[PDB]
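In: experimental coordinates for this protein are included below, preceded by the sequence.
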Amino acid sequence: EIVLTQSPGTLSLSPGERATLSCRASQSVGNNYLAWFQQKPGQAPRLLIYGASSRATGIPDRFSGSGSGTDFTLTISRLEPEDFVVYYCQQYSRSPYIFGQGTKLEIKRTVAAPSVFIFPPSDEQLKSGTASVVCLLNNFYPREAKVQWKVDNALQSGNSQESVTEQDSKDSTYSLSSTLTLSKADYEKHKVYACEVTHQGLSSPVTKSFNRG
Amino acid sequence: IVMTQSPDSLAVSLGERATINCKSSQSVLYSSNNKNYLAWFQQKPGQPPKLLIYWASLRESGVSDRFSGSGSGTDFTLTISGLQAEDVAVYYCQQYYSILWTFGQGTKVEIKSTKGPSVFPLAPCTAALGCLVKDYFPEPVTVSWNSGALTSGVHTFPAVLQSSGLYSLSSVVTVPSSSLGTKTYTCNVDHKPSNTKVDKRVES
Amino acid sequence: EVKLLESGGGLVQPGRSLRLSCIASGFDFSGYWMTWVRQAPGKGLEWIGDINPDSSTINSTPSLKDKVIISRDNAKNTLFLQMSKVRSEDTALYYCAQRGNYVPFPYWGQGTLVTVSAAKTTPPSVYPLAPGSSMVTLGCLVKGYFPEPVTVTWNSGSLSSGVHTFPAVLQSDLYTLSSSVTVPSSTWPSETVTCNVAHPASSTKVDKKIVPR
Amino acid sequence: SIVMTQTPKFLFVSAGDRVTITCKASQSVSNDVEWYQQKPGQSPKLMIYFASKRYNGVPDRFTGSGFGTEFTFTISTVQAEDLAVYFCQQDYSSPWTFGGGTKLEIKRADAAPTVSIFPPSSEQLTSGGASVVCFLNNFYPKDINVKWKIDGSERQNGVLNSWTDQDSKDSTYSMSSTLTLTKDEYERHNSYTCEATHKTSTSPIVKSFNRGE
Ligand SMILES: C[C@]12CC[C@H](O)C[C@@]1(O)CC[C@@H]1[C@@H]2CC[C@]2(C)[C@@H](c3ccc(=O)oc3)C[C@H]3O[C@]132
Ligand SMILES: C[C@]12CC[C@H](O)C[C@@]1(O)CC[C@@H]1[C@@H]2CC[C@]2(C)[C@@H](c3ccc(=O)oc3)C[C@H]3O[C@]132
């Protein structure tokens, strides 16, 4: 197949700046049948560019496609703050038809280490038969942070769920929550609960913990 | 050319048949060759779309037998004969009749249940505190603090779908640690589908 | 229109402690991370520490990490640096700075000079420099103060063009500097010329008029 | 920590020319590298941030570029007021680290010094001391030889020299020479001479006075 490889995964720019997204093909794309899609939060995709460099009708001036065969760029010449979303490339020259994994445009802002907190499960939740432990990363950037649960110093694996906010409307940071979920039966078999957070803006990892009672 | 889908969200028991309709504002039947320029897409959270059907009814390579579109002219249908856990996703129809590919608004598909939320205090041993809204279906839940009086330093996280087939989320607020003795903090969870509001006071 | 004003700079005994204060004005203080930076005699810049806006966080180099304490008071709009186990290496001038939500370090305090020497505080004697009898040159010699720095001006800063204020020289554990000013030959002594010396370390100010002999 | 290495360590350049400073990283920092101008007697000042964006009130003759590990600072059409030390600094990590710095010097023509000599003030003599001061102002190049003579005989002890930093307006240098004597020794001799040796003339510049006149 033609596999389309988008670069980079996330591009960090300020409104007004020009963006150059890249779509690299494993195999020459026939007749430059290369299309670009916009996709906004909770919306169906939008055709932006087709035939490598043809701007679709209703698409503004500032979006333009460039390149042929294996090397393609989408240039957004004067960035509007609504434009910061996911962009997909997609070829229609040869079956099977497959999407690029996507490039997400996010707003650039310095670097901020997270404010970390941990919460023990409530008595009411333990009586209902389940134990959810929450680790909170507060107002950080960039989004790339590693959250590791340690239960009696034992690194946990795939029994925890992370949720991350949309980038903040005032200071352009993220908050993130990790929830480690055990049965009451299992939760009460261990003493120390810790979330260790590695983030780029920290000199070294910060650990947050509690002993049950 | 405008694509309208219905229903917009679909709850079907596991293994049952699921049906989504797509209607075009104009015929996408091409008189001269007798072909429908209609396609179907699957899109799962945090992933690109996956082409399933095109020419209204032709399955793309590696699309399972249970996926089958039908109908032509202005009214079309995608049916999943034996619905599985892995088929839970968003589905779009797309017209390529005219060099202006347009998608429907999309249809969410999920597993039936219908439960109200559970709220618990997130409180530890500036200070942070919060609410955990656990085991609810369907979406959505709206969380406020002190009936929308407190909004500064609030973060309410996007919901996640648990192994249960039920949703869970968290809402947190950072407050002056000095104020924890005096000012009240109440989180208000409105779940419009279960016809419920729950107000949990969170204490230190 | 932003102002960061450091205070507490001066001499300290080795092994003792020092506190710097920084008062910020003309920007929503409780909305920003604030940082300390220092510059040794050797002119290298050394990042020290930072704070997120809730003092519920810190970012400090290891080197120091376990030696200084950084902290802040929102309502009072003031930033603090506590040093303990003070040494030779801590002799530098210290800069207060904003951390900025879309721009790294756009705002620096003028900087406050910290000296670590058992030496005793001393005020300067100020001596005018007038000719033995196109353009005329005058000066004043500021002898025997400790520690650095002084601030020297001419006619309360109104004469700043054609001024040369020379780097101090250390001599018998006391500093000496000179400052020169050049004006048109008919301007002096027809019009009055005074050099003004503030020595913040002794809380003194001296205004010495230049006298024809 | 991340090492930022600047090159060259110094740059001497004629007015109106290009200077290109480069800064190289021990690992990728993406955008987050930034340039500070520091003029003498002043704090560092932000000029370029995100390797390529201008901070405001920075003239547009200043420009940056780079990504990953390799970054550059350019001044096109260098002029007199740009005399400063320049620093790179990374935000993509912790600790945040500044480069070694690059000191800028302005090439121009030659200029002979303005030489002024001063006997001790009556204020200094009243209190029992005696200093002779010689100002050599607005000369180039920086290399200069000053010599003191008492009744025609050379004297080296009690002499203290200081050079000003190269000027922000005219790119010249200035020098202060201070000969300190006991009041005893000052009153023991009559003729005091300041001799300047500088490439602008083969004949040394001589200025003098007699105590008893
Ligand atoms: C559904 C679609 C899938 C891939 C794209 O992301 C969207 C798409 O809507 C573009 C359009 C569509 C494409 C499927 C394949 C096409 C029908 C293809 C074609 C192939 C053989 C033929 O005889 O006539 C035409 C050329 C292009 O029209 C195609
Ligand atoms: C513009 C387009 C029009 C119809 C669709 O709404 C969009 C479209 O972009 C899809 C694809 C495109 C179609 C125009 C005609 C095609 C180029 C056709 C073809 C014809 C001769 C040939 O030698 O090779 C291929 C088969 C299919 O690829 C076609």
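Out: Now that the structure is in, tell me what you want to look at. Residues are numbered from 1 along each chain as shown, chains lettered A, B, ... in the order given. Ligands and ions are numbered 1, 2, ... in the order given.

In: you'd agree residue B:179 is in a strand?
Out: No - using DSSP: H, G, I helix; E, B strand; the rest coil, the assignment for residue B:179 is helix, not a strand.

In: centroid-nearest residue for the chain?
Out: Answering for chain A, as no chain was given. Taking C-alpha atoms, centre = their mean, the centroid of chain A lies closest to residue A:143, which sits 7.1 Å from it.

In: got the contact list for the closest residue to that residue other than its chain neighbours?
Out: Leaving aside its sequence neighbours, residue A:143 sits nearest to residue A:174 (C-beta to C-beta, 6 or more residues apart in numbering or on different chains; 5.2 Å). Using the backbone N, CA and C atoms, a C-beta is placed for each residue, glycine as well. Taking C-beta atoms under 8 Å, 6 or more residues apart in numbering or on different chains as the criterion, residue A:174 is in contact with A:137, A:139, A:140, A:141, A:143, A:164, A:165, A:167, A:168.

In: partner residues bridging the closest residue to ligand 2 within chain D?
Out: Closest residue of chain D to ligand 2, C-beta to the nearest ligand atom: residue D:67 (35.7 Å). Taking DSSP bridges as the rule, residue D:67 bridges to residue D:70.

In: do you know how far it is from residue D:30?
Out: Between residue D:67 and residue D:30 the computed distance is 7 Å (C-beta to C-beta, to the nearest Å).

In: what residues does chain C have near chain B?
Out: With the criterion set to C-beta under 8 Å from any C-beta of the partner chain, chain C comes near chain B through C:54, C:55, C:56.

In: in which helix or strand would I find the second one?
Out: With elements taken from DSSP states H and E, nothing contains residue C:55; it lies in neither a helix nor a strand.

In: you'd agree it is up against residue B:126?
Out: Yes - with contact defined as C-beta atoms under 8 Å, residue C:55 reaches residue B:126; the gap is 7.4 Å.

In: more neighbours, the two?
Out: More crowded of residue C:55 and residue B:126, by other C-beta atoms under 10 Å in any protein chain shown: residue B:126, with 18 against 15.

In: contacting residues for that one?
Out: B:174, B:175, B:176, B:177, C:54, C:55, C:56.

In: correct me, but the fifth one touches residue B:175?
Out: Same thing as residue C:54. No - Residue C:54 is not in contact with residue B:175 according to C-beta under 8 Å; the separation is 10.3 Å.

In: returning to what we had before: and the residues of chain C next to chain B as CSV, adding distance to ligand 1?
Out: CSV is the format used below for the residues of chain C next to chain B (distance: C-beta to the nearest ligand atom, whole Å):
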residue, distance to ligand 1
C:54, 47
C:55, 52
C:56, 48
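
In: I'd like to know which of those residues is nearest to residue A:195.
Out: Closest approach to residue A:195 among the residues of chain C next to chain B (C-beta to C-beta): residue C:56, at 16.0 Å.

In: and the contacts of stretch C:152-168?
Out: By C-beta under 8 Å, 6+ apart, stretch C:152-168 touches C:140, C:142, C:148-150, C:175-183, C:192-197, D:41, D:135, D:137, D:162-164, D:174, D:176.

In: what's across from residue C:70 in the sheet?
Out: In beta-bridge terms (that is, DSSP bridges), residue C:70 pairs with residue C:81.

In: who's in contact with stretch C:52-67?
Out: With C-beta under 8 Å, 6+ apart, stretch C:52-67 has contacts from A:112-115, A:139, A:201-203, B:126, B:174, C:30-33, C:35, C:46-51, C:68, C:70-72, C:74, C:83-85, D:1, D:94-96.

In: then stretch B:77-87?
Out: B:12-22, B:40, B:42, B:52-53, B:65-71, B:91, B:93, B:109, B:111.

In: among the residues you listed, name the buried ones.
Out: B:12, B:18, B:20-22, B:40, B:42, B:52-53, B:67-69, B:71, B:91, B:93, B:109, B:111 (16 or more other C-beta atoms under 10 Å in any protein chain shown).

In: out of those residues, list just those in helices.
Out: Judged by DSSP state H, the buried ones among the contacts of stretch B:77-87 include no members of helices.

In: tally of neighbours for residue 70?
Out: Because you didn't say which chain, this covers chain A. 14.

In: not what I meant, chain C
Out: Using other C-beta under 10 Å: residue C:70 sits among 21 other residues.

In: and stretch D:94-101, how far out from the chain's middle?
Out: Its chain's C-alpha centre and that of stretch D:94-101 lie 24 Å apart, by C-alpha atoms, centre = their mean, to the nearest Å.

In: how long is it from one end to the other?
Out: Terminal residues of stretch D:94-101 lie 20 Å apart, using C-alpha to C-alpha, to the nearest Å.

In: same thing with stretch A:71-88?
Out: 15 Å.

In: and what of stretch B:121-133?
Out: Span of stretch B:121-133 from end to end, C-alpha to C-alpha: 9 Å.

In: using the record's domain definitions, break the chain down for me.
Out: Just so you know, I chose chain A. Domain assignment for chain A by curated CATH domains gives A:1-109, A:110-213.

In: oops, wrong one, chain D.
Out: D:1-108, D:109-211.

In: adding mean neighbour count, write those out as a markdown table.
Out: Output for these, formatted as a markdown table (neighbours: other C-beta atoms under 10 Å in any protein chain shown):
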| stretch | mean neighbour count |
| --- | --- |
| domain D:1-108 | 18 |
| domain D:109-211 | 17 |
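
In: before we move on, the earlier item: of the contacts of residue B:126, just say which sits nearest to ligand 2.
Out: Looking across the contacts of residue B:126 and measuring by C-beta to the nearest ligand atom, the closest to ligand 2 is residue B:174, at 52.1 Å.

In: for residue B:86, grab phi and psi.
Out: Note on residue B:86: its backbone torsions stand at phi -80, psi -10 [degrees, to the nearest 10].

In: wait, doesn't residue B:138 sit right on residue B:8?
Out: No - in this structure residue B:138 lies outside contact range of residue B:8 using C-beta under 8 Å: 11.9 Å.

In: which of the two has more neighbours?
Out: residue B:138 (20 against 12).

In: look up phi and psi at that one.
Out: According to degrees, to the nearest 10, residue B:138 has phi -90, psi -180.

In: nearest spatial neighbour of it, chain-adjacent residues omitted?
Out: Residue B:138 sits nearest to residue B:193 (C-beta to C-beta, 6+ apart), 5.5 Å away.

In: which SS state does the one you found fall under?
Out: helix.

In: now swap in residue D:73 and tell me
Out: strand.

In: can you name the helix or strand that residue B:76 falls in?
Out: Using DSSP H and E, the element containing residue B:76 is strand B:75-80.

In: no more questions from me, cheers.
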